[PDB]
Amino acid sequence: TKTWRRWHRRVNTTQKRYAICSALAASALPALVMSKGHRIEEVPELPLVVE
Amino acid sequence: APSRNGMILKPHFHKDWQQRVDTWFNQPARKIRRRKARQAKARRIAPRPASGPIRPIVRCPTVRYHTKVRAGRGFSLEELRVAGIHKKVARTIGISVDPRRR
Amino acid sequence: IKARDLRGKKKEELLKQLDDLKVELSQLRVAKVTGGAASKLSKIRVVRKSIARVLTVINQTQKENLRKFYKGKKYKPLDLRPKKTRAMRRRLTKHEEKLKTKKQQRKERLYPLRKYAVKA
Amino acid sequence: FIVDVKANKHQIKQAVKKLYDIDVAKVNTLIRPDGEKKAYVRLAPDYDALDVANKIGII
Amino acid sequence: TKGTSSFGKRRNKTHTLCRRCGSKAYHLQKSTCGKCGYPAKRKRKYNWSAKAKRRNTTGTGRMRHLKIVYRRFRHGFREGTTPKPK
Amino acid sequence: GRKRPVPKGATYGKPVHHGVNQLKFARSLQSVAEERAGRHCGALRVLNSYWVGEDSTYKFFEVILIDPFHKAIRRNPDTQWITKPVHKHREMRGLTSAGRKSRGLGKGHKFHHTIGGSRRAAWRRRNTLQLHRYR
Amino acid sequence: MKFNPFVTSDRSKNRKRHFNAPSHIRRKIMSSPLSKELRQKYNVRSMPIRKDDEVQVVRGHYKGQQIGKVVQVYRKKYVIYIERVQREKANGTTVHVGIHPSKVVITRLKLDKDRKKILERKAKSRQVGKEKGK
Amino acid sequence: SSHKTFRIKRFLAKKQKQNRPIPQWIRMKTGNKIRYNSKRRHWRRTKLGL
RNA sequence: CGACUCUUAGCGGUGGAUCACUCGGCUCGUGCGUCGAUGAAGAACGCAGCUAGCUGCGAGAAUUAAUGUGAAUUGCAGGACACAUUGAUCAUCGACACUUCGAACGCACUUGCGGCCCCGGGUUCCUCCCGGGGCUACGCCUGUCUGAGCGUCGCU
RNA sequence: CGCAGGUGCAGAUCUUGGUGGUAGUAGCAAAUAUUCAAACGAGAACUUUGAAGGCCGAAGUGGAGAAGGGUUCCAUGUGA
RNA sequence: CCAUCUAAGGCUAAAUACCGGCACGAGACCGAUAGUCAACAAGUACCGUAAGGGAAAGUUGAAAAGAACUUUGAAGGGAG
RNA sequence: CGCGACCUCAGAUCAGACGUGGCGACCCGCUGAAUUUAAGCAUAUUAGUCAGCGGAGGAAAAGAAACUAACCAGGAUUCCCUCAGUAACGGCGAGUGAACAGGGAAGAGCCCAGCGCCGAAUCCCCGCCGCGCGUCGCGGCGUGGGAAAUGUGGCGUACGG
Ligand SMILES: [Zn+2]
């Protein structure tokens with residue numbers, strides 16, 4: 001094994017921004033959040049906003 | 001060796017290159033060290049601009065680049081004289097000087 | 001015996017104490033080869049460390065006196081002049097390191113570095 | 001006696017005389033396979049080896 | 001004849017202990033060491049033997065002076081002063 | 001010139017390396033004069049040298065040496081540089097004027113083999129494969 | 001969570017330091033809790049165990065309310081010996097059972113000038129911390 | 001041979017003194033791993049570097 | 001009937017796989033970046049109450065002093081430390097000490113042979129014998145002393 | 001659910017370790033030779049003492065050295 | 001004809017390098033036939049005249065509480 | 001043919017200093033192959049690479065144009081990206097192969113010799129005194145030695161002085 005193996009990957013900035021938008025949109029759907037096992041019950045609103 | 005269509009490639013791997021391989025795993029480390037050097041220098045010269053002396057306007061010397069203007073090494077002795085700044089006091093004021101520019 | 005109690009003493013009584021410790025240590029080594037008691041064998045370590053303690057005081061006092069005698073002298077023994085590193089002893093002294101030519105001094109006086117700022 | 005390896009018969013004779021107050025006729029020297037030096041110190045006819053040995057404590 | 005019979009004649013010694021490196025590589029007739037080159041002022045060392053250097057490099061012995069120098073460096077090689085008395 | 005020190009003139013190998021007789025030393029005869037003065041006078045510092053004479057078999061040079069521990073030298077700021085440890089045996093590292101001439105350094109298009117400080121420095125830089133983290 | 005870049009969280013490094021610590025570091029490693037009454041008297045939670053300290057065992061086979069005296073602090077073995085914590089060999093003689101000081105409670109500490117000094121240091125430091133929090 | 005130098009004799013003296021068995025109390029030391037002297041040398045079996 | 005042979009299972013053994021563990025490595029990164037004639041690196045020989053090796057140390061030898069710490073070390077024994085008329089242990093380490101080789105340095109590498117100047121003991125200025133101490137290597141720089149030359153000259 | 005490999009052995013006269021059958025087999029056959037009794041001892045063809053019969057036969061199977069070995073020398077004890 | 005510089009003397013920090021050294025931190029790495037040859041009295045044992053070559057070898061148990069005592073045997077070794 | 005001076009040399013256990021050896025991953029100066037590829041092989045390649053030698057430092061080397069360019073011009077060195085697998089080299093085969101411009105990291109400039117002016121203004125050593133004094137600098141004095149006119153110091157170095 002050699003140290004000059006490719007360890008690092010570069011992703012396009014537009015694709016990285018795309019992934020964040022998709023992650024944010026999914027975080028507002030309670031079905032997807034419960035499918036992560038996040039125990040969102042008794043939570044008043046899934047897009048929880050506090051002062 | 002050749003198999004159907006392709007490119008005639010000439011890789012330069014005939015010279016024991018594995019002994020001289022430059023890995024860049026220290027690249028993030030040298031960014032922090034360069035950054036901390038800038039911040040320490042800025043504090044040490046605190047009131048001074050911390051970006052070096054003022055450089056003159058310079059025209060790039062080729063047809064490809066003579067429509068652009070960049071920063072030069074220093075103000076020439078002719079423009080310093082017209083402005084009325086002594087060439088031995090410009091460096092103390094914060095004026096870069098290039099005695100070899102025409 | 002304690003080193004601090006040995007410092008307020010003269011060289012002759014320090015030599016007398018050293019002699020009695022060597023005589024005692026010679027006696028204990030005799031007991032070691034003739035099947036002596038375990039209490040006598042354990043005293044060999046004690047007497048040996050007292051001889052070291054006394055010889056330390058004599059040598060330290062002698063070296064301190066030599067350092068006082070050679071203080072201010074232009075030439076000192078190599079044992080007394082400081083031992084840092086061969087390379088550091090080759091390097092220039094602090095005075096010669098800050099020596100400046102008259103040309104350099106004029107430059108510093110006539111065109112000193114200035115404290116300045118540029119407004120936005 | 002067992003003596004220091006860096007000790008000749010003159011030093012051995014003077015030392016035995018100094019710390020035991022006895023007169024030495026002759027000294028013979030040997031280096032053992034252990035590595036230590038052994039000295040055979042014959043005393044003067046006036047002195048008795050058994051009496052000296054009693055005072056030293058070896059018997 | 002070569003073989004067991006000839007080994008019976010081996011009763012001399014081409015090499016003796018060396019007074020500089022300590023190995024039994026001091027040639028008696030040539031008066032030189034095949035391990036360190038003793039009478040030569042510089043020690044015998046070669047880059048084709050990396051194992052040989054590792055056997056006899058700095059750090060394989062006591063380092064009587066160098067280990068105190070390492071300790072003394074941590075305090076600026078101070079000298080001539082003592083800690084404050086009680 | 002430099003005769004190749006091979007027994008009986010036998011350089012074993014390919015014909016291109018068979019030369020024994022018209023080979024030349026890379027350094028000048030003046031450089032080897034400075035080197036021989038420095039090696040004998042280890043406690044001194046070679047400063048420079050110049051030509052004095054010439055024969056059919058010998059060349060004569062005169063070398064200037066500085067005792068770096070004389071007080072007249074290390075109390076004068078204009079000559080305290082020679083006392084610094086980085087200036088030991090300049091003649092053996094090609095740092096004197098005669099030594100530098102053989103290194104082939106300069107400015108411009110005639111001197112690109114040493115565009116990084118030395119021939120070895122330039123060779124290493126253009127013979128090292130740069131493998132970045134993001135390739 | 002640890003933030004100091006000079007403190008190691010490595011398993012091997014922490015275990016190595018523990019297992020060949022010098023004797024004076026093994027002293028503070030072999031600390032035991034003070035009793036509730038002693039923690040009330042001196043504002044100190046724990047002290048390094050010391051010979052002639054009265055302790056009781058709170059874990060293991062010899063747990064109980066009995067108070068015993070520390071007779072040996074075997075710092076090399078990382079154990080202490082108490083008066084009554086013992087068993088019988090095959091021969092019939094009695095040997096002490098080593099107890100780790102983290103499993104005992106000090107009910108009375110031997111008092112001397114050095115012990116009073118470090119009791120006061122630990123109380124002063126804690127009182128400063130409580131005042132800072134307030 | 002009988003004819004030997006001082007340097008050789010001192011070398012043979014040291015090898016003689018270090019050819020002893022391990023003491024019995026070493027086995028009782030806390031954290032002991034030595035069971036026997038693995039550097040024992042017999043004159044007939046193994047010869048000296050000299 | 002056995003014996004013998006084959007197969008399978010149980011149990012027992014020549015054996016040390018697998019699994020679990022790891023005060024070890026390997027790799028990357030950071031800060032420093034310091035040897036030596038004031039004798040280095042490396043060798044040799046020694047040093048513990050009982051201790052061969054590893055380790056530590058150098059004739060004061062598994063350590064002295066000093067500072068910090070504050071009651072142990074420990075395999076057995078012995079005796080400290082009364083645990084302030086100030087201190088076990090450990091750490092740190094700026095004081096002291098540091099055998100023989102080794103660039104290795106009086107000559108020589110055999111515990112060989114000197115020389116000069118001093119000190120002590122036998123005899124008394126034989127320095128004759130013994131013991132101890134300081135010097136006694138090469139190259140080279142500035143200065144110093146003593147010199148050489150049918151070298152260039154001056155006064156004679 | 002994804003990510004990444006030093007990811008699957010019957011072979012390579014493969015590497016390291018372990019083990020069989022052979023096999024209680026080959027063998028313990030160069031230089032003439034041993035026997036009787038006693039002692040110690042748990043135990044004796046082999047140790048020791050005594051008595052017989054033999055050998056080396058002074059260019060020795062004798063008495064001493066040089067190289068080389070390095071404690072193998074000597075006494076006491078053990079019989080792993 | 002034009003452009004450009006001023007050789008054969010000298011000093012100079014920073015940005016750059018770092019498989020040796022002194023201290024540190026970490027890891028999608030190996031887990032005792034692996035990982036450094038070396039997790040252990042490892043450049044050790046041992047081999048070669050020498051230059052040099054160069055291993056194997058980790059794990060009782062929480063705690064030695066490491067089997068007192070009886071008995072057979074000369075003991076190793078067994079039975080309790 | 002005595003006594004001096006200078007010059008060129010010599011000896012000294014003369015008074016003070018300095019070099020040697022080690023480590024060597026990184027750095028500087030030399031020297032320097034063949035295995036290999038070319039499906040053979042000699043030029044070429046491997047490669048100015050391995051081995052050999054010398055010399056250092058915490059960095060080294062380089063470095064303030066006898067430069068680039070041909071533009072509406074840039075402006076010491078060093079390093080990174082790109083230029084560029086390009087211009088070019090090569091039994092023009094196998095193969096090898098930079099630089100300038102441009103963007104960045106850092107950024108810093110200076111000194112003699114020479115020509116001159118100034119009564120050698122200069123430097124080393126040794127003493128004494130006032131000092132100061134972490135292991136050594138200052139001022140004076142010296143009816144104290146030496147170096148230096150076969151040239152020390154101050155001004156001044158191409159940007160002119
Ligand atoms: Zn040698």
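Residue numbers begin at 1 in each chain, while the letters A, B, ... track the order of the sequences.
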As an exercise, state the distance from CD of B/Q27 to OH of F/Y134, rounded to the nearest 0.5 Å. 8.0 Å
Taking atom CD1 of F/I66 as the centre, report whether more than 12 heavy atoms of other residues, nucleotides or ligands fall under 6.0 Å from it. yes
Please report the interatomic distance CD(B/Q19) to CG(F/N127), rounded to the nearest 0.5 Å. 13.0 Å
CD (F/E54) with more than 12 external heavy atoms under 6.0 Å: yes
Are there over 12 heavy-atom neighbours, none belonging to B/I57, within less than 6.0 Å of that residue's CD1? no
For B/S96, which residues count as a side-chain hydrogen bond (donor to acceptor under 3.5 Å, both in side chains) partner, sequence neighbours excluded? none
Rounded at 0.5 Å granularity, tell me how far OG1 in B/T23 sits from CZ in F/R133. 11.0 Å
Are the side chains of B/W24 and F/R135 in contact, using a 4.5 Å heavy-atom criterion? no
